[PDB]
Structure formats: C-alpha cells, structure tokens
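Peer 1: Got model-v2.txt for you, compact mmCIF, N, CA and C atoms and all ligand atoms:
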```txt
# COMPACT_ATOMS: atom_id res chain seq x y z
N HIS V 675 -25.84 53.38 -6.10
CA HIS V 675 -24.48 53.61 -6.68
C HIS V 675 -24.11 55.10 -6.82
N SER V 676 -22.84 55.42 -6.53
CA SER V 676 -22.33 56.74 -6.83
C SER V 676 -21.99 56.76 -8.34
N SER V 677 -21.29 57.81 -8.75
CA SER V 677 -20.88 58.03 -10.12
C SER V 677 -19.36 58.04 -10.23
N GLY V 678 -18.91 57.82 -11.44
CA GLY V 678 -17.49 58.01 -11.74
C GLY V 678 -17.15 59.45 -12.05
N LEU V 679 -16.17 59.61 -12.93
CA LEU V 679 -15.62 60.94 -13.23
C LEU V 679 -15.86 61.20 -14.70
N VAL V 680 -16.92 61.93 -14.97
CA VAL V 680 -17.35 62.13 -16.34
C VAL V 680 -17.50 63.65 -16.54
N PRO V 681 -17.04 64.17 -17.70
CA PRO V 681 -17.25 65.63 -17.91
C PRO V 681 -18.71 66.02 -17.82
N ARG V 682 -18.97 67.24 -17.35
CA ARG V 682 -20.33 67.79 -17.41
C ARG V 682 -20.70 67.86 -18.89
N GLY V 683 -21.87 67.39 -19.21
CA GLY V 683 -22.36 67.46 -20.58
C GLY V 683 -21.80 66.39 -21.47
N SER V 684 -21.17 65.37 -20.89
CA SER V 684 -20.72 64.22 -21.69
C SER V 684 -21.87 63.59 -22.48
N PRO V 685 -21.58 63.05 -23.64
CA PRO V 685 -22.57 62.19 -24.28
C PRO V 685 -22.96 60.98 -23.46
N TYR V 686 -22.12 60.56 -22.52
CA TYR V 686 -22.50 59.49 -21.61
C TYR V 686 -23.20 60.16 -20.46
N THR V 687 -24.52 60.04 -20.49
CA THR V 687 -25.36 60.78 -19.55
C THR V 687 -25.60 60.04 -18.24
N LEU V 688 -25.19 58.77 -18.16
CA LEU V 688 -25.34 57.99 -16.92
C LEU V 688 -23.98 57.40 -16.56
N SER V 689 -23.67 57.39 -15.26
CA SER V 689 -22.40 56.83 -14.77
C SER V 689 -22.64 56.08 -13.47
N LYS V 690 -22.48 54.74 -13.49
CA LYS V 690 -22.72 53.89 -12.36
C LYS V 690 -21.40 53.33 -11.85
N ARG V 691 -21.04 53.62 -10.62
CA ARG V 691 -19.77 53.24 -10.01
C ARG V 691 -19.93 52.07 -9.09
N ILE V 692 -19.08 51.06 -9.26
CA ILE V 692 -18.99 49.86 -8.43
C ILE V 692 -17.69 50.01 -7.65
N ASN V 693 -17.69 49.78 -6.35
CA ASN V 693 -16.44 49.77 -5.62
C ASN V 693 -16.14 48.36 -5.17
N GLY V 694 -14.94 47.90 -5.45
CA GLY V 694 -14.55 46.56 -5.09
C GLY V 694 -13.14 46.53 -4.57
N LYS V 695 -12.64 45.34 -4.39
CA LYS V 695 -11.23 45.22 -4.02
C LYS V 695 -10.70 43.86 -4.39
N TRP V 696 -9.38 43.77 -4.48
CA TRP V 696 -8.68 42.49 -4.56
C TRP V 696 -8.19 42.20 -3.16
N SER V 697 -8.54 41.04 -2.62
CA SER V 697 -8.02 40.73 -1.30
C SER V 697 -8.17 39.27 -1.01
N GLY V 698 -7.08 38.70 -0.46
CA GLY V 698 -6.97 37.26 -0.24
C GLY V 698 -7.06 36.55 -1.57
N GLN V 699 -7.98 35.59 -1.61
CA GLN V 699 -8.24 34.71 -2.76
C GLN V 699 -8.47 35.48 -4.06
N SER V 700 -9.16 36.60 -3.95
CA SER V 700 -9.63 37.33 -5.14
C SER V 700 -8.56 38.15 -5.81
N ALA V 701 -7.37 38.23 -5.20
CA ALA V 701 -6.25 38.91 -5.84
C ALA V 701 -5.57 37.97 -6.82
N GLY V 702 -6.22 37.73 -7.95
CA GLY V 702 -5.82 36.61 -8.80
C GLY V 702 -4.78 36.88 -9.86
N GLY V 703 -4.54 38.17 -10.18
CA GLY V 703 -3.64 38.51 -11.25
C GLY V 703 -4.20 38.34 -12.66
N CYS V 704 -3.41 38.61 -13.68
CA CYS V 704 -3.89 38.61 -15.05
C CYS V 704 -3.99 37.18 -15.61
N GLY V 705 -4.38 37.12 -16.89
CA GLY V 705 -4.61 35.81 -17.58
C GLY V 705 -3.40 34.91 -17.67
N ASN V 706 -2.20 35.49 -17.59
CA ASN V 706 -0.96 34.69 -17.59
C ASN V 706 -0.91 33.77 -16.40
N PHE V 707 -1.56 34.18 -15.33
CA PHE V 707 -1.55 33.44 -14.05
C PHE V 707 -2.77 32.57 -14.05
N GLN V 708 -2.66 31.50 -14.83
CA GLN V 708 -3.80 30.70 -15.19
C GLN V 708 -4.33 29.93 -13.99
N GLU V 709 -3.49 29.68 -13.01
CA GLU V 709 -3.94 29.01 -11.80
C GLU V 709 -4.86 29.89 -10.99
N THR V 710 -4.72 31.23 -11.10
CA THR V 710 -5.51 32.11 -10.19
C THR V 710 -6.36 33.24 -10.83
N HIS V 711 -6.21 33.43 -12.14
CA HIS V 711 -6.95 34.52 -12.76
C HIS V 711 -8.44 34.37 -12.54
N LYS V 712 -8.95 33.14 -12.66
CA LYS V 712 -10.38 32.89 -12.50
C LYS V 712 -10.91 33.15 -11.06
N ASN V 713 -10.02 33.45 -10.11
CA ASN V 713 -10.43 33.81 -8.76
C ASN V 713 -10.71 35.33 -8.54
N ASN V 714 -10.40 36.13 -9.56
CA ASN V 714 -10.66 37.56 -9.46
C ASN V 714 -12.13 37.83 -9.28
N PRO V 715 -12.48 39.02 -8.81
CA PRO V 715 -13.91 39.39 -8.72
C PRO V 715 -14.54 39.31 -10.08
N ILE V 716 -15.83 38.99 -10.13
CA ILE V 716 -16.57 39.02 -11.38
C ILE V 716 -17.87 39.76 -11.14
N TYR V 717 -18.15 40.77 -11.97
CA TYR V 717 -19.42 41.47 -11.98
C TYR V 717 -20.18 41.13 -13.24
N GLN V 718 -21.51 41.18 -13.17
CA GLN V 718 -22.35 40.79 -14.28
C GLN V 718 -23.30 41.93 -14.56
N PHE V 719 -23.42 42.29 -15.81
CA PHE V 719 -24.29 43.41 -16.16
C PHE V 719 -25.18 43.03 -17.33
N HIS V 720 -26.32 43.71 -17.38
CA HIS V 720 -27.28 43.55 -18.45
C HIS V 720 -27.36 44.82 -19.28
N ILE V 721 -27.26 44.61 -20.58
CA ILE V 721 -27.51 45.68 -21.57
C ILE V 721 -28.92 45.42 -22.10
N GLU V 722 -29.83 46.34 -21.83
CA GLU V 722 -31.24 46.15 -22.21
C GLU V 722 -31.47 46.61 -23.65
N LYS V 723 -30.79 47.69 -24.06
CA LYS V 723 -30.83 48.12 -25.46
C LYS V 723 -29.42 48.32 -25.99
N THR V 724 -29.11 47.77 -27.16
CA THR V 724 -27.79 47.95 -27.79
C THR V 724 -27.51 49.45 -27.89
N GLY V 725 -26.27 49.84 -27.61
CA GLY V 725 -25.93 51.27 -27.55
C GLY V 725 -24.58 51.43 -26.87
N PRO V 726 -24.18 52.69 -26.57
CA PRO V 726 -22.78 52.92 -26.14
C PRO V 726 -22.60 52.66 -24.68
N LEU V 727 -21.47 52.02 -24.41
CA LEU V 727 -21.04 51.74 -23.05
C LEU V 727 -19.53 51.99 -22.98
N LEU V 728 -19.11 52.74 -21.98
CA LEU V 728 -17.71 52.89 -21.71
C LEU V 728 -17.47 52.50 -20.27
N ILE V 729 -16.54 51.57 -20.09
CA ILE V 729 -16.20 51.04 -18.77
C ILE V 729 -14.81 51.53 -18.39
N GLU V 730 -14.68 52.10 -17.20
CA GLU V 730 -13.37 52.55 -16.67
C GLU V 730 -13.05 51.81 -15.41
N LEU V 731 -11.79 51.39 -15.26
CA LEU V 731 -11.28 50.76 -14.06
C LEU V 731 -10.19 51.63 -13.50
N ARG V 732 -10.29 51.93 -12.22
CA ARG V 732 -9.22 52.57 -11.47
C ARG V 732 -8.78 51.74 -10.30
N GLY V 733 -7.46 51.63 -10.14
CA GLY V 733 -6.91 51.05 -8.93
C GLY V 733 -5.77 51.97 -8.50
N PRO V 734 -5.03 51.53 -7.50
CA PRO V 734 -3.87 52.35 -7.07
C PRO V 734 -2.93 52.68 -8.21
N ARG V 735 -2.39 53.91 -8.17
CA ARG V 735 -1.41 54.39 -9.14
C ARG V 735 -0.28 53.40 -9.37
N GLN V 736 0.14 52.69 -8.31
CA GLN V 736 1.30 51.83 -8.39
C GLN V 736 0.97 50.42 -8.84
N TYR V 737 -0.31 50.14 -9.12
CA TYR V 737 -0.69 48.83 -9.66
C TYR V 737 -1.00 48.92 -11.13
N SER V 738 -0.61 47.92 -11.94
CA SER V 738 -1.01 47.93 -13.36
C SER V 738 -2.22 47.00 -13.44
N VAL V 739 -3.23 47.56 -14.06
CA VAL V 739 -4.60 47.03 -14.04
C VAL V 739 -5.16 46.77 -15.43
N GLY V 740 -6.20 45.92 -15.49
CA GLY V 740 -6.85 45.58 -16.74
C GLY V 740 -8.12 44.83 -16.43
N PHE V 741 -8.97 44.77 -17.42
CA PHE V 741 -10.16 43.92 -17.25
C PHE V 741 -10.52 43.27 -18.55
N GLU V 742 -11.33 42.21 -18.42
CA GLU V 742 -11.92 41.48 -19.56
C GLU V 742 -13.42 41.57 -19.44
N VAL V 743 -14.06 41.65 -20.59
CA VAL V 743 -15.54 41.59 -20.68
C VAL V 743 -15.87 40.34 -21.47
N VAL V 744 -16.76 39.50 -20.92
CA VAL V 744 -17.09 38.23 -21.56
C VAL V 744 -18.58 38.21 -21.87
N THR V 745 -18.95 37.86 -23.11
CA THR V 745 -20.37 37.72 -23.44
C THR V 745 -20.89 36.45 -22.83
N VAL V 746 -21.89 36.62 -21.98
CA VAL V 746 -22.59 35.49 -21.36
C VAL V 746 -23.78 35.02 -22.20
N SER V 747 -24.63 35.97 -22.63
CA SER V 747 -25.93 35.66 -23.31
C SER V 747 -26.32 36.81 -24.20
N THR V 748 -26.41 36.58 -25.51
CA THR V 748 -27.04 37.60 -26.36
C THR V 748 -28.16 36.89 -27.09
N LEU V 749 -29.38 37.39 -26.98
CA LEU V 749 -30.52 36.65 -27.54
C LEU V 749 -30.80 37.04 -28.98
N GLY V 750 -30.42 38.27 -29.33
CA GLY V 750 -30.52 38.76 -30.70
C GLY V 750 -29.69 37.90 -31.64
N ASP V 751 -29.95 38.06 -32.94
CA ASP V 751 -29.21 37.36 -33.98
C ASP V 751 -27.76 37.83 -34.00
N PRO V 752 -26.88 37.01 -34.60
CA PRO V 752 -25.41 37.16 -34.60
C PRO V 752 -24.86 38.37 -35.37
N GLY V 753 -24.79 39.53 -34.72
CA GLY V 753 -24.32 40.74 -35.39
C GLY V 753 -22.81 40.97 -35.39
N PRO V 754 -22.35 41.96 -36.18
CA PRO V 754 -20.94 42.32 -36.31
C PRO V 754 -20.26 42.71 -34.99
N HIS V 755 -21.00 43.33 -34.08
CA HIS V 755 -20.43 43.81 -32.83
C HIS V 755 -20.43 42.72 -31.76
N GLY V 756 -20.88 41.52 -32.12
CA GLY V 756 -20.78 40.36 -31.21
C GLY V 756 -19.35 39.89 -30.97
N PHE V 757 -19.09 39.37 -29.77
CA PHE V 757 -17.76 38.87 -29.40
C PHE V 757 -17.86 37.79 -28.32
N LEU V 758 -16.77 37.05 -28.09
CA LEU V 758 -16.71 36.16 -26.98
C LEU V 758 -16.11 36.91 -25.78
N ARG V 759 -14.92 37.43 -25.96
CA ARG V 759 -14.22 38.14 -24.90
C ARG V 759 -13.50 39.34 -25.51
N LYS V 760 -13.59 40.45 -24.80
CA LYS V 760 -12.81 41.65 -25.14
C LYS V 760 -12.05 42.09 -23.90
N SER V 761 -11.05 42.93 -24.07
CA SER V 761 -10.34 43.42 -22.90
C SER V 761 -9.93 44.84 -23.00
N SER V 762 -9.56 45.41 -21.86
CA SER V 762 -9.05 46.77 -21.84
C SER V 762 -7.75 46.93 -22.55
N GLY V 763 -7.09 45.82 -22.92
CA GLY V 763 -5.83 45.87 -23.69
C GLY V 763 -4.69 45.69 -22.72
N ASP V 764 -3.63 46.45 -23.02
CA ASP V 764 -2.42 46.31 -22.23
C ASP V 764 -2.72 46.70 -20.80
N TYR V 765 -2.09 46.04 -19.85
CA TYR V 765 -2.17 46.52 -18.45
C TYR V 765 -1.51 47.89 -18.33
N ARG V 766 -2.16 48.75 -17.57
CA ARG V 766 -1.68 50.12 -17.43
C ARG V 766 -1.72 50.50 -16.01
N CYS V 767 -0.87 51.43 -15.65
CA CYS V 767 -0.80 51.86 -14.26
C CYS V 767 -2.00 52.67 -13.88
N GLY V 768 -2.68 52.26 -12.81
CA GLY V 768 -3.77 52.99 -12.22
C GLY V 768 -5.11 53.03 -12.94
N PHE V 769 -5.13 53.06 -14.26
CA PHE V 769 -6.37 53.35 -14.98
C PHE V 769 -6.36 52.62 -16.27
N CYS V 770 -7.52 52.09 -16.67
CA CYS V 770 -7.70 51.63 -18.04
C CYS V 770 -9.18 51.72 -18.40
N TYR V 771 -9.50 51.55 -19.67
CA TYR V 771 -10.89 51.61 -20.06
C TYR V 771 -11.16 50.80 -21.31
N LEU V 772 -12.46 50.58 -21.55
CA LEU V 772 -12.90 49.94 -22.79
C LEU V 772 -14.18 50.59 -23.23
N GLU V 773 -14.21 51.05 -24.48
CA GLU V 773 -15.39 51.69 -25.04
C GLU V 773 -16.04 50.76 -26.06
N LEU V 774 -17.31 50.48 -25.83
CA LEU V 774 -18.12 49.58 -26.68
C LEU V 774 -19.35 50.36 -27.13
N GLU V 775 -19.14 51.10 -28.19
CA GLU V 775 -20.16 51.99 -28.72
C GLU V 775 -21.40 51.29 -29.22
N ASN V 776 -21.26 50.02 -29.61
CA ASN V 776 -22.44 49.28 -30.05
C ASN V 776 -22.50 47.92 -29.40
N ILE V 777 -22.34 47.89 -28.08
CA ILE V 777 -22.40 46.61 -27.39
C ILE V 777 -23.79 46.02 -27.62
N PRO V 778 -23.84 44.71 -27.93
CA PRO V 778 -25.18 44.13 -28.10
C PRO V 778 -26.01 44.05 -26.81
N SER V 779 -27.33 43.94 -26.92
CA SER V 779 -28.19 43.67 -25.80
C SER V 779 -27.92 42.25 -25.28
N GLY V 780 -27.84 42.13 -23.97
CA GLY V 780 -27.51 40.83 -23.40
C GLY V 780 -26.91 40.94 -22.03
N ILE V 781 -26.29 39.82 -21.67
CA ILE V 781 -25.69 39.62 -20.35
C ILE V 781 -24.19 39.46 -20.53
N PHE V 782 -23.42 40.20 -19.73
CA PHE V 782 -21.96 40.18 -19.82
C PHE V 782 -21.35 40.12 -18.46
N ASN V 783 -20.19 39.48 -18.39
CA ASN V 783 -19.40 39.48 -17.18
C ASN V 783 -18.17 40.34 -17.34
N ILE V 784 -17.69 40.92 -16.26
CA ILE V 784 -16.47 41.72 -16.30
C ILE V 784 -15.60 41.32 -15.15
N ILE V 785 -14.33 41.12 -15.48
CA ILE V 785 -13.34 40.59 -14.56
C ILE V 785 -12.15 41.56 -14.45
N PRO V 786 -12.10 42.33 -13.36
CA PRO V 786 -10.95 43.27 -13.21
C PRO V 786 -9.78 42.62 -12.48
N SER V 787 -8.54 42.97 -12.87
CA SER V 787 -7.36 42.35 -12.24
C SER V 787 -6.19 43.29 -12.24
N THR V 788 -5.27 42.95 -11.35
CA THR V 788 -3.92 43.51 -11.43
C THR V 788 -3.04 42.60 -12.25
N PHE V 789 -1.85 43.06 -12.63
CA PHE V 789 -1.07 42.19 -13.48
C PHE V 789 -0.57 40.97 -12.73
N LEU V 790 0.01 41.15 -11.55
CA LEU V 790 0.52 40.03 -10.76
C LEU V 790 -0.51 39.60 -9.77
N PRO V 791 -0.48 38.33 -9.36
CA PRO V 791 -1.40 37.92 -8.29
C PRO V 791 -1.00 38.52 -6.95
N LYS V 792 -1.89 38.47 -5.97
CA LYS V 792 -1.60 38.88 -4.58
C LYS V 792 -1.27 40.36 -4.46
N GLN V 793 -1.86 41.18 -5.33
CA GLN V 793 -1.76 42.65 -5.24
C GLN V 793 -3.05 43.17 -4.66
N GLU V 794 -3.07 43.43 -3.35
CA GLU V 794 -4.34 43.70 -2.67
C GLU V 794 -4.59 45.18 -2.63
N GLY V 795 -5.83 45.59 -2.81
CA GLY V 795 -6.14 46.99 -2.80
C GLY V 795 -7.49 47.23 -3.42
N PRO V 796 -7.98 48.45 -3.33
CA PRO V 796 -9.28 48.86 -3.83
C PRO V 796 -9.32 49.15 -5.29
N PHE V 797 -10.51 49.11 -5.85
CA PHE V 797 -10.70 49.60 -7.22
C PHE V 797 -12.11 50.13 -7.36
N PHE V 798 -12.29 50.93 -8.42
CA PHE V 798 -13.61 51.40 -8.85
C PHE V 798 -13.81 50.99 -10.27
N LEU V 799 -15.00 50.48 -10.57
CA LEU V 799 -15.37 50.19 -11.94
C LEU V 799 -16.52 51.07 -12.29
N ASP V 800 -16.37 51.88 -13.30
CA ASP V 800 -17.43 52.79 -13.69
C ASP V 800 -18.04 52.36 -14.99
N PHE V 801 -19.37 52.37 -15.05
CA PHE V 801 -20.10 51.99 -16.27
C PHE V 801 -20.82 53.21 -16.73
N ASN V 802 -20.35 53.73 -17.85
CA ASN V 802 -20.87 54.99 -18.42
C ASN V 802 -21.74 54.66 -19.63
N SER V 803 -22.98 55.15 -19.66
CA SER V 803 -23.92 54.70 -20.66
C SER V 803 -24.94 55.79 -20.94
N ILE V 804 -25.87 55.47 -21.83
CA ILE V 804 -27.04 56.35 -22.02
C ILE V 804 -28.33 55.70 -21.56
N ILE V 805 -28.29 54.40 -21.38
CA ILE V 805 -29.43 53.65 -20.82
C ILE V 805 -28.98 53.02 -19.51
N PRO V 806 -29.85 52.92 -18.49
CA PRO V 806 -29.46 52.27 -17.24
C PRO V 806 -29.09 50.81 -17.46
N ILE V 807 -28.11 50.38 -16.67
CA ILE V 807 -27.58 49.01 -16.70
C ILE V 807 -27.69 48.36 -15.33
N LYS V 808 -28.30 47.17 -15.30
CA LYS V 808 -28.38 46.41 -14.07
C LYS V 808 -27.04 45.68 -13.86
N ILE V 809 -26.51 45.73 -12.65
CA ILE V 809 -25.23 45.04 -12.34
C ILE V 809 -25.34 44.29 -11.03
N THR V 810 -24.71 43.13 -10.95
CA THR V 810 -24.60 42.40 -9.71
C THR V 810 -23.20 41.83 -9.62
N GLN V 811 -22.77 41.52 -8.42
CA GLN V 811 -21.48 40.84 -8.23
C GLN V 811 -21.64 39.35 -8.14
N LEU V 812 -20.89 38.61 -8.92
CA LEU V 812 -20.91 37.13 -8.91
C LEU V 812 -19.93 36.52 -7.91
N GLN V 813 -18.74 37.11 -7.80
CA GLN V 813 -17.73 36.69 -6.85
C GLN V 813 -16.72 37.79 -6.69
BR BR A 901 -18.22 54.54 -4.41
BR BR A 902 -9.75 34.95 1.00
BR BR A 903 -0.16 30.55 -12.40
BR BR A 904 -9.87 28.71 -17.87
BR BR A 905 -11.47 57.46 -8.25
BR BR A 906 -10.44 43.50 -27.05
BR BR A 907 -9.45 39.43 -24.61
BR BR A 908 -5.38 49.46 -21.76
BR BR A 909 0.24 43.68 -20.59
BR BR A 910 -7.11 57.69 -12.87
BR BR A 911 -5.82 54.60 -21.02
BR BR A 912 -18.79 47.84 -29.97
BR BR A 913 -17.14 34.74 -17.32
BR BR A 914 -28.08 54.94 -13.76
BR BR A 915 -27.74 48.09 -10.42
BR BR A 916 -22.55 45.21 -7.76
BR BR A 917 -19.75 38.25 -4.15
BR BR A 918 -19.94 32.01 -5.89
```
Show me this structure written as structure tokens.
Peer 2:
Amino acid sequence: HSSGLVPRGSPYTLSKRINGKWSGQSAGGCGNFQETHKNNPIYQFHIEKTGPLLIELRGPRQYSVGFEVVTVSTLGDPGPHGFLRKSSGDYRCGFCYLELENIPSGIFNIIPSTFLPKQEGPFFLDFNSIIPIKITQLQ
C-alpha cells in the first residue's frame, strides 16, 4: 500500500491507502437508494489494539461522497466507544473523513459511496493510525 496525505510529524504515524472505484454494479449511491446501496464496495479492516484511527475518503471534486463504518465483531466487553454503524456524516464534495480516536479492537467494514447511484469514478480510502491495520476487500 501507498500512503495518503498526512502532515510530516502527524500524531498519526501510519497511513495506509486503498485505491478503489465505483463502476457498473458497484456504483450504488447512498443509503437513500436502498435498492442499490448494498452493492457499493466494501472493505474490511482489523483493529488489533484499541486506539486512534482516522479514515479519509477522496473521490472526484464533482462527486459528493461519504462512507459508513459498521462493527462486524468486537470480542472485548461492551464499552462506551462501541457502536453498530457510524458515518462520515453529510455527503461532501470530493472529500470526507471520520475520526475514531478510541475505536475498539475488532473487525469493521467500511462502505464508500457517492450520493447518487451510477456515479462512476475512482476513489482513495486512507486509514491513518498508530498501529498497523490489516485490510481486505469484500466486494
Ligand atoms: Br494508490
Ligand atoms: Br458490473
Ligand atoms: Br432505490
Ligand atoms: Br439493508
Ligand atoms: Br488523492
Ligand atoms: Br456517526
Ligand atoms: Br450511520
Ligand atoms: Br462529512
Ligand atoms: Br447528505
Ligand atoms: Br481532497
Ligand atoms: Br470535511
Ligand atoms: Br471513538
Ligand atoms: Br457490513
Ligand atoms: Br502500515
Ligand atoms: Br493490509
Ligand atoms: Br484492500
Ligand atoms: Br472484491
Ligand atoms: Br462476494
């Protein structure tokens, strides 16, 4: 993996970049498009030690983008920073992010999308951390 765009000397000392795209079936659009949102790409990552994670998504300037993070498996006891699903928030043009300073140890999925379906194009997902994170693509 290459790296994202992180200041020199950032507290996030590791940056792992995933390059993907929306194309054909996988251009599913946001959650409003309930028939196709679940067709978007899905990446899966492991947090080995609870600690800070910041995820950035970039797509074309002219696309409004967002992502959701879903807890798949946390084996630790039920802490305050536990969740079912979180998101980058409002769709934004070109760039969005989510900072999880105390994400629990476990398995999570991340689903990046454009606002409307059938918006084809590239994206980068950057995972900025202090501990290495294993990632794989599910679809
Ligand atoms: Br790359
Ligand atoms: Br396809
Ligand atoms: Br729909
Ligand atoms: Br569903
Ligand atoms: Br970039
Ligand atoms: Br959220
Ligand atoms: Br959400
Ligand atoms: Br946002
Ligand atoms: Br929105
Ligand atoms: Br940007
Ligand atoms: Br932002
Ligand atoms: Br958090
Ligand atoms: Br999921
Ligand atoms: Br790394
Ligand atoms: Br990896
Ligand atoms: Br991957
Ligand atoms: Br795949
Ligand atoms: Br599959």
Peer 1: Give the residues close to ligand BR 907 (chain A), within 5 Å, counting all atoms listed in the file; write them as a PyMOL selection string.
Peer 2: chain V and resi 759-761
Peer 1: For range 677-685 of chain V, find every residue with an atom within 8 Å (counting all atoms listed in the file), except residues of its own chain fewer than 3 positions away, and show them as number ranges by chain.
Peer 2: V: 688-692, 799-804
Peer 1: Please provide as a ChimeraX atom specification all residues within 5 Å of residue 771 in chain V, with the sequence filter that same-chain residues fewer than 5 positions apart are discarded (counting all atoms listed in the file).
Peer 2: /V:729-731,762
Peer 1: For the strand (DSSP E or B) assignment from backbone DSSP, which residues of range 753-797 of chain V qualify? Please present them as a PyMOL selection string.
Peer 2: chain V and resi 759-761+766-767+769-777+780-788+795-797
Peer 1: Please check which protein, DNA or RNA residues sit within 8 Å of ligand BR 913 (chain A), counting all atoms listed in the file, and write them as a list in words.
Peer 2: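 Using all atoms listed in the file, I find these residues within 8 Å of ligand BR 913 (chain A): residues 716, 743, 744, 745, 746, 782, 783, 784 and 785 of chain V.
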Peer 1: Restricting it to N, CA and C atoms, dump the selection as a tab-separated table (two decimals), in the frame of the given file.
Peer 2:
```tsv
chain	number	residue	atom	x	y	z
V	716	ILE	N	-15.83	38.99	-10.13
V	716	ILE	CA	-16.57	39.02	-11.38
V	716	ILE	C	-17.87	39.76	-11.14
V	743	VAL	N	-14.06	41.65	-20.59
V	743	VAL	CA	-15.54	41.59	-20.68
V	743	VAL	C	-15.87	40.34	-21.47
V	744	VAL	N	-16.76	39.50	-20.92
V	744	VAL	CA	-17.09	38.23	-21.56
V	744	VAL	C	-18.58	38.21	-21.87
V	745	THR	N	-18.95	37.86	-23.11
V	745	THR	CA	-20.37	37.72	-23.44
V	745	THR	C	-20.89	36.45	-22.83
V	746	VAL	N	-21.89	36.62	-21.98
V	746	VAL	CA	-22.59	35.49	-21.36
V	746	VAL	C	-23.78	35.02	-22.20
V	782	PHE	N	-23.42	40.20	-19.73
V	782	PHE	CA	-21.96	40.18	-19.82
V	782	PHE	C	-21.35	40.12	-18.46
V	783	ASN	N	-20.19	39.48	-18.39
V	783	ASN	CA	-19.40	39.48	-17.18
V	783	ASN	C	-18.17	40.34	-17.34
V	784	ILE	N	-17.69	40.92	-16.26
V	784	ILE	CA	-16.47	41.72	-16.30
V	784	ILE	C	-15.60	41.32	-15.15
V	785	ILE	N	-14.33	41.12	-15.48
V	785	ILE	CA	-13.34	40.59	-14.56
V	785	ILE	C	-12.15	41.56	-14.45
```
Peer 1: Extending 6 Å beyond the listed atoms of range 790-806 of chain V on each side, what axis-aligned box results? I want centre and edge lengths in Å to one decimal, as AutoDock Vina command-line options.
Peer 2:
```
--center_x -14.7 --center_y 47.1 --center_z -12.3 --size_x 42.4 --size_y 30.4 --size_z 31.4
```
Peer 1: Which residues are near ligand BR 915 (chain A) - at most 8 Å, using only C-alpha atoms and all ligand atoms? Format: as a list in words.
Peer 2: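 For ligand BR 915 (chain A), the residues inside 8 Å are residues 675, 690, 807, 808, 809 and 810 of chain V.
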Peer 1: When you count only N, CA and C atoms, which of these residues is closest to residue 701 in chain V: V:768, V:740, V:715, V:778?
Peer 2: V:715
Peer 1: To one decimal place in Å, what is the distance between atom N of residue 805 in chain V and atom N of residue 752 in chain V?
Peer 2: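 Atom-to-atom, atom N of residue 805 in chain V to atom N of residue 752 in chain V, that is 21.9 Å.
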Peer 1: List every residue of chain V that DSSP, applied to the backbone of this structure, assigns to helix (DSSP H, G or I), and report them as a VMD selection string.
Peer 2: chain V and resid 698 to 700 711 to 713
Peer 1: Give the residue list for ligand BR 910 (chain A) at 9 Å, counting only C-alpha atoms and all ligand atoms, as a list in words, sorted by chain and then by residue number.
Peer 2: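 My answer, listing the contacting residues, is residues 730, 731, 732, 733, 734, 735, 767, 768, 769 and 770 of chain V.
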Peer 1: Between atom N of residue 708 in chain V and atom N of residue 812 in chain V, what is the distance in Å, rounded to a tenth?
Peer 2: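 Taking atom N of residue 708 in chain V and atom N of residue 812 in chain V, their separation equals 20.4 Å.
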Peer 1: Taking into account only N, CA and C atoms and all ligand atoms, which residue in the set V:714, V:792, V:723, V:797 is nearest to ligand BR 905 (chain A)?
Peer 2: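 Of V:714, V:792, V:723, V:797, the one nearest ligand BR 905 (chain A), counting only N, CA and C atoms and all ligand atoms, is V:797.
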Peer 1: Between V:742, V:798, V:749, V:721, which one has atoms that come closest to ligand BR 906 (chain A), using only N, CA and C atoms and all ligand atoms?
Peer 2: V:742
Peer 1: Could you work out how far atom C of residue 694 in chain V lies from atom BR of ligand BR 912 (chain A), giving the answer in Å with one decimal?
Peer 2: 26.1 Å
Peer 1: Kindly provide, as a ChimeraX atom specification, all nucleotide and amino acid residues lying within 7 Å of ligand BR 902 (chain A), counting only N, CA and C atoms and all ligand atoms.
Peer 2: /V:697-700
Peer 1: What's the 7 Å shell around residue 779 in chain V, counting all atoms listed in the file, without same-chain residues fewer than 3 positions away, as a list in words?
Peer 2: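 Within the cut-off, the hits are residues 720, 721, 722, 723, 724, 725, 747, 748, 749, 750 and 776 of chain V.
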Peer 1: Taking N, CA and C atoms for each residue, export the selection above as a CSV table (one decimal), in the frame of the given file.
Peer 2:
```
chain,number,residue,atom,x,y,z
V,720,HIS,N,-26.3,43.7,-17.4
V,720,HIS,CA,-27.3,43.6,-18.4
V,720,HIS,C,-27.4,44.8,-19.3
V,721,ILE,N,-27.3,44.6,-20.6
V,721,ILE,CA,-27.5,45.7,-21.6
V,721,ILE,C,-28.9,45.4,-22.1
V,722,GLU,N,-29.8,46.3,-21.8
V,722,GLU,CA,-31.2,46.2,-22.2
V,722,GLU,C,-31.5,46.6,-23.6
V,723,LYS,N,-30.8,47.7,-24.1
V,723,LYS,CA,-30.8,48.1,-25.5
V,723,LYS,C,-29.4,48.3,-26.0
V,724,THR,N,-29.1,47.8,-27.2
V,724,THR,CA,-27.8,48.0,-27.8
V,724,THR,C,-27.5,49.4,-27.9
V,725,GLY,N,-26.3,49.8,-27.6
V,725,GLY,CA,-25.9,51.3,-27.6
V,725,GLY,C,-24.6,51.4,-26.9
V,747,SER,N,-24.6,36.0,-22.6
V,747,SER,CA,-25.9,35.7,-23.3
V,747,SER,C,-26.3,36.8,-24.2
V,748,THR,N,-26.4,36.6,-25.5
V,748,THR,CA,-27.0,37.6,-26.4
V,748,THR,C,-28.2,36.9,-27.1
V,749,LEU,N,-29.4,37.4,-27.0
V,749,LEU,CA,-30.5,36.6,-27.5
V,749,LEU,C,-30.8,37.0,-29.0
V,750,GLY,N,-30.4,38.3,-29.3
V,750,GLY,CA,-30.5,38.8,-30.7
V,750,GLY,C,-29.7,37.9,-31.6
V,776,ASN,N,-21.3,50.0,-29.6
V,776,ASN,CA,-22.4,49.3,-30.0
V,776,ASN,C,-22.5,47.9,-29.4
```
Peer 1: Missing atoms in range 750-754 of chain V: fill them in up to N, CA, C and O atoms and send the result as a JSON list (two decimals), keeping the file's coordinate frame.
Peer 2:
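What ended up in part_1.json:
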```json
[["chain", "number", "residue", "atom", "x", "y", "z"],
["V", 750, "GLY", "N", -30.42, 38.27, -29.33],
["V", 750, "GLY", "CA", -30.52, 38.76, -30.70],
["V", 750, "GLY", "C", -29.69, 37.90, -31.64],
["V", 750, "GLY", "O", -28.82, 37.12, -31.20],
["V", 751, "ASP", "N", -29.95, 38.06, -32.94],
["V", 751, "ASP", "CA", -29.21, 37.36, -33.98],
["V", 751, "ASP", "C", -27.76, 37.83, -34.00],
["V", 751, "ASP", "O", -27.46, 38.93, -33.50],
["V", 752, "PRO", "N", -26.88, 37.01, -34.60],
["V", 752, "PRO", "CA", -25.41, 37.16, -34.60],
["V", 752, "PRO", "C", -24.86, 38.37, -35.37],
["V", 752, "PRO", "O", -24.47, 38.22, -36.53],
["V", 753, "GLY", "N", -24.79, 39.53, -34.72],
["V", 753, "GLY", "CA", -24.32, 40.74, -35.39],
["V", 753, "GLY", "C", -22.81, 40.97, -35.39],
["V", 753, "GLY", "O", -22.07, 40.27, -34.69],
["V", 754, "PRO", "N", -22.35, 41.96, -36.18],
["V", 754, "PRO", "CA", -20.94, 42.32, -36.31],
["V", 754, "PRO", "C", -20.26, 42.71, -34.99],
["V", 754, "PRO", "O", -19.07, 42.44, -34.82]]
```
